[PDB]
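Scroll down for the structure; my scribbles are underneath it.
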Amino acid sequence: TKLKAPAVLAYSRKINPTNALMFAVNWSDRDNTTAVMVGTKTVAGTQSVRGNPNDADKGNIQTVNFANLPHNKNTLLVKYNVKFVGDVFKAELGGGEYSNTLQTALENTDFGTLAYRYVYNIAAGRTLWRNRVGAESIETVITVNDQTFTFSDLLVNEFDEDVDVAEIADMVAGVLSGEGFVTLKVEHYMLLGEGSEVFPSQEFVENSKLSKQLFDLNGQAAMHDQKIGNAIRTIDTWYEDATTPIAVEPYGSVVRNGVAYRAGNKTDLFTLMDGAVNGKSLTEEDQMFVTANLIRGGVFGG
Amino acid sequence: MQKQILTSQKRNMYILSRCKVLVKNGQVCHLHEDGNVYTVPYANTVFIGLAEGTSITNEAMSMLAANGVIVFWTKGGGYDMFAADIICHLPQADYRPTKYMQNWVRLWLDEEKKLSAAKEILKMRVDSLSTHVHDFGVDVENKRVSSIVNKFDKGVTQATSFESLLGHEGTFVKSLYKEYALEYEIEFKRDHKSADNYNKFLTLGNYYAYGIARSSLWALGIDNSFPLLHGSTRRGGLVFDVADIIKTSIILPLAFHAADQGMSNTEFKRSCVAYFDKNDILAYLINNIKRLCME
Amino acid sequence: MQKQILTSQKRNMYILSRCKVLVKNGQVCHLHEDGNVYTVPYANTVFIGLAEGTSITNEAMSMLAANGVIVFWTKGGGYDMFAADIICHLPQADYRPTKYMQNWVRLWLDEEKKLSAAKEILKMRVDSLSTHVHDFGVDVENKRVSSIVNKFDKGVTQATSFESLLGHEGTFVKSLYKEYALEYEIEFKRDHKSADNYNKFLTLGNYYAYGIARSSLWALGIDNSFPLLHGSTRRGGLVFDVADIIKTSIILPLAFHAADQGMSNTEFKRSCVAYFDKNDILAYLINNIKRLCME
Amino acid sequence: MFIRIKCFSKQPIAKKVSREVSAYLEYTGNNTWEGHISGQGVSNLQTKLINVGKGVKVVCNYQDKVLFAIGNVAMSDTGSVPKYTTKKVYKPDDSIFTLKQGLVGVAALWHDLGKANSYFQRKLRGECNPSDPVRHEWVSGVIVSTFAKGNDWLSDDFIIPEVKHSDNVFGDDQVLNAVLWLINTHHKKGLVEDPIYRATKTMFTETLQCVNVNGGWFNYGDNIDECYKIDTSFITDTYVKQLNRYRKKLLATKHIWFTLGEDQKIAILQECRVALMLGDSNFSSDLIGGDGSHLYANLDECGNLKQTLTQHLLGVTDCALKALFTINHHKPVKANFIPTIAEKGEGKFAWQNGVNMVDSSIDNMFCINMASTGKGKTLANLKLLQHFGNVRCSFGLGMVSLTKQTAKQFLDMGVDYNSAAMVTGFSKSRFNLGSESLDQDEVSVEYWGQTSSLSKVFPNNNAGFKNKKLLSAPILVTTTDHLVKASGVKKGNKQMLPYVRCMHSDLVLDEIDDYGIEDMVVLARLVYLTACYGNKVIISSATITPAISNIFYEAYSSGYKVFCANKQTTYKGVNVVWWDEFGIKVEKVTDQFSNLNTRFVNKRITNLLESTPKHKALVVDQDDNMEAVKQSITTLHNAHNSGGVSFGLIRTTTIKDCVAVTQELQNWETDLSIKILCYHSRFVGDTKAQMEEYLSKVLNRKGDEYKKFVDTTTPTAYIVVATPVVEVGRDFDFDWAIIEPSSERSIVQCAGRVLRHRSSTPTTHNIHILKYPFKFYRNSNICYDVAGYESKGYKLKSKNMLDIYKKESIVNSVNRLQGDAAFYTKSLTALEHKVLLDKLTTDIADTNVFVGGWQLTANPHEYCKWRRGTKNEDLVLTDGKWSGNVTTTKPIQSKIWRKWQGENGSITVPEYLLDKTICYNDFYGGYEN
Amino acid sequence: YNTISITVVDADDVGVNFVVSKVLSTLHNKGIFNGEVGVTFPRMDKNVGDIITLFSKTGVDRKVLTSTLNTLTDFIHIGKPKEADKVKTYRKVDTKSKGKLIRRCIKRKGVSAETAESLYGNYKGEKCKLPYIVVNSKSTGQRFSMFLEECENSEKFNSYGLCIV
DNA sequence: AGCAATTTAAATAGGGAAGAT
DNA sequence: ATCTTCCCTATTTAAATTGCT
Ligand SMILES: [Mn+2]
Ligand SMILES: [Mn+2]
């Protein structure tokens, strides 16, 4: 007993998405993909900072980025490849006095549901935060091992039953429970309207710097890989007072709301893995949450 | 005054207010002292309850319980009872537990039947939501409430353990709480210590649901010491499990409406007792435990 | 709201006769048919009883039940040999401790476990005799009483059926009742419809032990509707086992002493209070059902 | 339990209590109830009988002793229930009460004459500095002294004369000087900086003539001429007649003032000052509203002009007169007759029947309870208090947790919260986890109790929760600092509440040896003040030194002389009750206390010595104490272990010493399985509390429940390195201890932490005393001053413990009990006794214990500071983030057995160590790195 | 005047106010606010709130506006039409910053650029701290911030739900 | 039916004065 | 002085009635 957790214990990320490159298409002209360019407009304004009152007279020529659709294409296309990898129970930096006990404590994990919610967050449009808002038509095409799947009307908040997501979830759960990998090429086509302004992900700027950096690969608007990884693991409906699916965190913590849902109420990942290697009976939902964290990965040492 | 409720189907639950209950001409009668004296039918009655301003005598009590009519003491409306006997087969020539109790207790033993009946009690919470539609309340068949209902049904059906069932309980109850807060334009969280009108009206309605669930469990001879969902150390968990059938369907819209107009507690009592009388909520709980126990 | 007084240390004890029980100005009281109003200490009352010509009201019953006072009605016996039917209002609004009922159910449903509990409870009256020894009447450790309880223990040890338990029950009751009769030099036959003081003092002690037994069972949430000893003659519920654990140890020598010294019934009421209070017979019964439930 | 309650209340309140008392007892008629109830039934009846309102007149009798008495019902002195009650009972030569009335009335009509200067008027209106150059009490004293020098101050018309700046206002007239000291010290006492005056001044006026304006009143002094130009608008009807009637009262009674002794004058003027601040704060708290303008005294919360000075002086006078009347004519509310005390102690408590050898009708009692630990000392103290009748006492104990332990003992034996009041004035956040319903512990702060009649004379109806628990408690289980302020304070009215508390209540001080020397001086000052009003002092200390026991007896004897000559009774002596676990002895001692006390001490020593030796201590020869600790740990594990598992306590002196011993033992290579704990006091709220509960549950050796809190399967050395926080108030039982020597009472106390619960005698040696303290390598001149009575005035000639202690010795209380003044420079015990008689002496000095003449001054509260510590700033951990220069560090992780983490709380760092980083760590708290 | 509620729900992944602003934009672009439907917000303390409240005098039904906000249905909630005798009506307040009025001084007074800087150099630069929304304007192709504050009720409203004059 | 507010009034307690031994 | 009787003296209990739930 009293199997104390290793200080070096970490797990690798098992859902690896690429950067979500963003293109402009039409709804019936889906093959002509023109890359959405981040424009950048200059704004003239004096600097106002707390530490330098002497520098407020002149300076701060700032040039803020923006990204709209072109005025001939009404559909935004978002392309990214989500790579699910198996052996989520292998610790990369941990070892096997604790990670092997985790293997033999989370073998009864229903990966079917875990994978369903992953592919449902892929398909329903959780990966399209501010640009699925106000779109009159949502479409998702998933290409997986030469199989094409079409999704039109999936409400993203609840994980309802559709056999299309389920079909992919099968091979995704077979990867995640076993050994190997699977790759889902996900292209989202959302009809926002003619010249509607799109929403790339944001680089962190300083308190000063410029107003807003949109995410650029080679000049073209895109969204962060870790931001999509936040979308995919947004499956946590099993904490106490669970209203909406949150991103599976080791503490159940969302930064933008200023509260942590699983921290400080004995449902955090660390107490559940210590309970698993000390062998108390877990329910299915918290064990699924622990396996979702191990799929997410991260260093758990102290 | 007097009033009539039903349990199985026959009008048998009779609540007496204001009337001293005595015996005249060898028959049990009652004297609304605020008026006259009326007799009580015997063949169609088994349950008699006594509200405020009411005194029964020993000889009337003996004749009442000697003819199969069993007596309980309650708050006004007959939906919060604090004093009764235990239901047996017949109250004269035998003293054995009720079939319903025995069935319940065997259901209690098998943990698989416990899980199964837990499920059935949760299903009937959703059934109550529908059956008992409110004019002032939200529609149940709209997209958000039906999405919550099918999410709860899919969660209960696919559940294999009790902890997942209680997690689904928490998310269903909050979801209905946040949706009724959504339509009433408030930011409501369920706290029993909270001093606003919505929470304390919900707490009072929960107490009246506990009382009517206690009457429904007592009416079939089943003690409230056998919780389906709640833990084995929770005192009176079965009365909480029975009251959860009507708590999210009847107590919640009545309490939110009565906090919306913001009137006092006595006509909130009157609204709750009137809603229990008109749609026979105690009868539906009786038939609920009927279809729970016999299978 | 504080600890609300635990039931085993409740001390007051009454059976009210020819008085309407009411509430004046805060307290529960009883008003006889001459204008006399005597207050009932409801916070320390274990049980009240209601004889012929008694009539309790609603809020009086509520103040007894919410405080936790079990209330019965003495009349109802209509057979020739049996104390037939006593009607008893349980305070179920206080939600009870649960796992003691679960333990009682797990011993009740298993037939060999009920027989095992039947065994230990039959020798519980034997050890009751040994512990609760009066200063008057017989001495427990004489040759005749020890010989009959030794034959009783030898026969109940080799017993295998509940009808054998009923037969040995009958020989035990005949043996004790007649030995007490011999000591007090009277001829004794137990008839509940007799004018002899050894008999109606025994029926008064039957009512007293009934009230003590429902307060002991309700203090642990145990219903009367689970009789671990049953039969054609023995059909009263669990009260006719936890009530006559303490006949031949407490009540029957006290009833014979009260019928030998021969003042009124009130000295017998007060003597039952004194012996149930000094030796803590209620807490003794509760602790015995405690060591029954977890074994 | 059979009780009987009788009620003699009037009005409809009589009927409202009848509902509750008829809810719990049967009605026997004629407003008398009688019946059987339980222990907690009596409590629920108390709680809902007192809370029902004011005017409840209830007497309860359990068998024939009175259980409780609600209100000031006279009830029973001999018989119970009177009949023709009426007034004019005794009407004596009260004399000293008329003296206190005259002094308080004359001073209270003159206490605020000095607010009439123009500076105080513009201070209240707010166009100058709110701090006066000279305080208004001194200006009023200048007014009264100038009026006395000019006209005859006792029988003349008043008229305020032209006053100037006077450095001193104290003359020779003893009564005038009393009035002047009451006027000047109605806010704060004068402070004398002068060393010759502090050296020599003893008498009443002869010390009071040294109280000048420079002792706090003369703040800055640039507007003195405006501070002494005064208007005379007080000459009205009711003020002049009140001044005349009180001055003539004083005139008629001052003939008994010269027949008083010094001790009387000091105590009477202390009572007068306490009543004067009571009346002044009572009238300053409430808002009277009406005013006659042109002159003002106080300000409201809005700063508006209120309480004009004529009616302010009149209100302070009547409130102080009423304060005096209720504090001098109070039959105070006492505790319940606890029925679980009065029966006989069985087995190891069988000595508690020594109360059946004490007289139950003695007006005074000085208990010296020399019983050893584990015998139930506090229960015996409650038994001794209840032997004289109903209990009214203040259990003043060191530490919060020891008050919690005595409260839990009082709760589970027989005492409810209607009689007990646990007071810890810090609101600590140490909560009980695991199960709130299944706790049956954690004594809390509610006090249903009974509000005393003294709350109406305090400011704004006493206070909220805390002062109601202070004043109105029958039994006040409190930390001691809520009682030592009775002897007096620097600034404010914080003296009055413990003063009026200790006036009508007994004082029970347990383990007074753990306090400091100045702490013990002010505790014996409190003992003297408690004995000044006839209350009984119970001292409960096993390791008492004759010096301490003597000076506490002399303080009680001076107090009982005050009380005897105050009621005009001839002083027969003090009923001294020597007590231990082997016997009791009650003697009427007016003189020769020393021979009787030493004879009882020798009898207790002979009753301790024929018992088996439980603590055999060997002083090690190894010079270096690091490897001495190593070798002693190895030896006492190889000798003293329970099947391979042994518990060791390394008692060291200070915190960096503790972390040095810990960091050496963690890096110490050995075949022994050392498991190290740090147990000093510098720890965060969470971490510290966690250590406490764990240690209390693993070192409990009365049963084998600890086998499940540690790994006793594997042979392991469970070592706890601790500072003197282990030797005070800890119910710990170690297999053996290694002690760094600081004082001999530390040796006796850490012997009391070894085999505290067991009775098995050691074979070879269970204590290994180190050769030197670790301060020898840092300061060879003085090394025992930290946590010891060595100092700069008392230096050991040698620091070797072979020279200053026995090499093999059975350590018990005998060396501390005996008392030796000779050879104090080369033995630790005689060094200890020397200091104890040279600081707690029978003199008045200035920081001494018989203090007379200086009680009038602020000197015993400035130069004798209770809990005199270092500056002490508090670095606070807020949610894992430290406040100041802390820098969390990482411990050695070699042998730590248990380490609890902390996130909140605070650490107490001395200002000396604030310069550098305290470097807080999870294992060991504060150090120098 | 009878009124209807549009409460933004489940907008945590996206700010609540972005959904509120998109609700305003979709209510603008598909008609709704012709001249008589107005908006109000029950929870302006420092944020604009999460409830849009439409108090049209003729009466707003659920069906027309739920067909209008078909794009926001994933995170919207619509209450049944209730009544209110008094609604707390807000209006539009706009900000000007330097060059704005400079171009006005180009086109109204006809003065040169340097003297237009000269008359406005030490002036202007007001800073509105009122609660606001962020609006896509479609006729003028740039996105801006619109400030709302409490004013007396007006009979006529704009195409956005705010008071006129 | 219990209670509460609130009146109404009968009675209980006490203090002062005066008359006895 | 002590004690009793009687007159204030008003303070102190018990009943009575009656909306209110
Ligand atoms: Mn002052
Ligand atoms: Mn003042």
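Residue numbers (my numbering), protein chains in the order written: chain A, 202 to 503; chain B, 81 to 375; chain C, 81 to 375; chain D, 12 to 940; chain E, 178 to 342. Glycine included, every Cβ here is placed at the ideal spot set by N, Cα and C.
Kindly indicate which three-state DSSP category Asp885 (chain D) falls into: helix, strand or coil? Taking the first residue of the fourth sequence as position 1, residue 885 (chain D) is located at position 874. In this structure, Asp885 (chain D) counts as strand in the three-state DSSP scheme.
According to DSSP, simplified to helix, strand and coil, what is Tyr938 (chain D)? If you number the fourth sequence from 1, residue 938 (chain D) lands on position 927. DSSP places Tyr938 (chain D) in coil when its eight states are reduced to three.
Are residue 569 (chain A) and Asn332 (chain A) closer than 7 Å when you measure CB to CB? For residue 569 (chain A) there is no data in the structure shown, the boundaries of chain A being 202 and 503.
C-alpha gap between residue 942 (chain D) and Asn883 (chain D), whole angstroms: Lying outside 12 to 940, the shown extent of chain D, residue 942 (chain D) is not represented and no answer is given.
Need the endpoints of the beta strand (DSSP E) that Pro218 (chain A) sits in, please. By 1-based counting over the first sequence, the position of residue 218 (chain A) is 17. 216–218 is the extent of the beta strand (DSSP E) around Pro218 (chain A).
Check whether the Cβ atoms of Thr202 (chain A) and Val478 (chain A) lie closer than 7 Å to each other. Residue mapping note: residue 202 (chain A) aligns to position 1 of the first sequence, counting from 1. Residue mapping note: residue 478 (chain A) aligns to position 277 of the first sequence, counting from 1. It is not a contact, given that the beta carbons lie outside the stated cut-off.
For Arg712 (chain D) and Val737 (chain D), believed in contact at Cβ under 8 Å, the rounded distance: As a first step, residue 737 (chain D) is located in the fourth sequence; it is residue number 726 there, counting from the start. As a first step, residue 712 (chain D) is located in the fourth sequence; it is residue number 701 there, counting from the start. With a Cβ gap of about 15 Å, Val737 (chain D) and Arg712 (chain D) do not count as contacting.
Do you know how far the Cα of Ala275 (chain C) is from the Cα of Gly156 (chain C)? Position 76 of the third sequence, counted from the first residue, corresponds to residue 156 (chain C). Position 195 of the third sequence, counted from the first residue, corresponds to residue 275 (chain C). Going by the C-alpha atoms only, they are around 18 Å apart.
Could you tell me the alpha carbon to alpha carbon distance between residue 11 (chain D) and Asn380 (chain D), rounded to whole angstroms? There is simply no residue 11 (chain D) to check, as chain D begins at 12 and stops at 940 in what is shown.
Could you round the C-beta distance between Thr178 (chain C) and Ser312 (chain B) to whole angstroms and report it? I think they count as a contact, below 8 Å. Here residue 178 (chain C) refers to the residue found at position 98 when the third sequence is read from its first residue. Here residue 312 (chain B) refers to the residue found at position 232 when the second sequence is read from its first residue. That pair is a contact at about 6 Å.
Could you give the distance in angstroms between the alpha-carbon of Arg220 (chain E) and the alpha-carbon of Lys477 (chain D)? Position 43 of the fifth sequence, counting from 1, holds the residue named residue 220 (chain E). Position 466 of the fourth sequence, counting from 1, holds the residue named residue 477 (chain D). Those two C-alpha atoms are separated by around 42 Å.
Candidates B:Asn147, B:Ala289, B:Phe242: which alpha carbon is nearest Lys193 (chain B)'s? Your numbering for residue 193 (chain B) matches position 113 in the second sequence. The residue with the shortest Cα to Cα distance from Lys193 (chain B) is B:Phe242.
Which value, in whole angstroms, describes the spacing of the CA atoms of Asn194 (chain E) and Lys273 (chain E)? Taking the first residue of the fifth sequence as 1, we reach residue 194 (chain E) at position 17. Taking the first residue of the fifth sequence as 1, we reach residue 273 (chain E) at position 96. Approximately 23 Å between the Cα atoms of the pair.
Do you know whose CA, among B:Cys168, B:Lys199, B:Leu300, B:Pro333, lies nearest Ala239 (chain B)'s CA? Position 159 of the second sequence, counting from 1, holds the residue named residue 239 (chain B). Nearest option by C-alpha distance: B:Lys199.
Per-residue DSSP class, three states only, for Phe267 (chain A): Stepping through the first sequence from its first residue, residue 267 (chain A) is reached at position 66. Reduced to three states, the DSSP call for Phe267 (chain A) is strand.
Below 8 Å on the Cβ atoms is my contact criterion, and I expect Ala289 (chain C) with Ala323 (chain C) to pass it. Report the Cβ-Cβ distance as a whole number of Å. Residue 289 (chain C) sits at position 209 when you count from the first residue of the third sequence. Residue 323 (chain C) sits at position 243 when you count from the first residue of the third sequence. Between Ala323 (chain C) and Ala289 (chain C) the Cβ distance is about 4 Å, and since that is below 8 Å, they are a contact.
Per DSSP, which residues does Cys18 (chain D) bridge with? Please list them. For the purposes of this step, residue 18 (chain D) is identified with residue 7 of the fourth sequence, where counting begins at 1. Its beta-bridge partners are D:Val69.
List in chain order: all unbroken beta strand (DSSP E) runs of 3+ residues lying wholly within the stretch 757–825 of chain D. 778–780, 819–821
Proximal chain D residues relative to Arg91 (chain C), where beta-carbon distance stays under 8 Å: As a working mapping, residue 91 (chain C) is identified with position 11 in the third sequence. Within chain D, the residues near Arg91 (chain C) are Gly46, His47, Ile48, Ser49, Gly52.
Return no unless some Cβ of chain D is closer than 7 Å to the Cβ of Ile85 (chain C). Looking up residue 85 (chain C) in the third sequence gives position 5. Judged by the 7 Å Cβ criterion, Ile85 (chain C) is in contact with chain D.
What is the DSSP secondary structure of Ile85 (chain B), reduced to helix, strand or coil? Start at 1 with the first residue of the second sequence, and residue 85 (chain B) comes out as number 5. DSSP places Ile85 (chain B) in strand when its eight states are reduced to three.
Relative to ligand 1, is the shortest distance from any of its heavy atoms to the C-beta of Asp123 (chain D) smaller than 6 Å? Counting from one through the fourth sequence, the residue named residue 123 (chain D) turns up at place 112. At least one heavy atom of ligand 1 is nearer than 6 Å to the Cβ of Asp123 (chain D), so yes.
Closest by C-alpha distance to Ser314 (chain E), when choosing among E:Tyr300, E:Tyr178, E:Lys199, E:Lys284: Within the fifth sequence, numbered from 1, the residue matching residue 314 (chain E) stands at position 137. Answer by Cα proximity: E:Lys199.
Outcome for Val220 (chain C) when other beta-carbon atoms lying within 10 angstroms are tallied against a minimum of 16: As a working mapping, residue 220 (chain C) is identified with position 140 in the third sequence. By the 10 Å Cβ count, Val220 (chain C) comes out buried.
Is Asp311 (chain D) near ligand 2, with its Cβ less than 6 Å from a heavy atom? Mapped onto the fourth sequence, residue 311 (chain D) falls at position 300. The answer is no for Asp311 (chain D).
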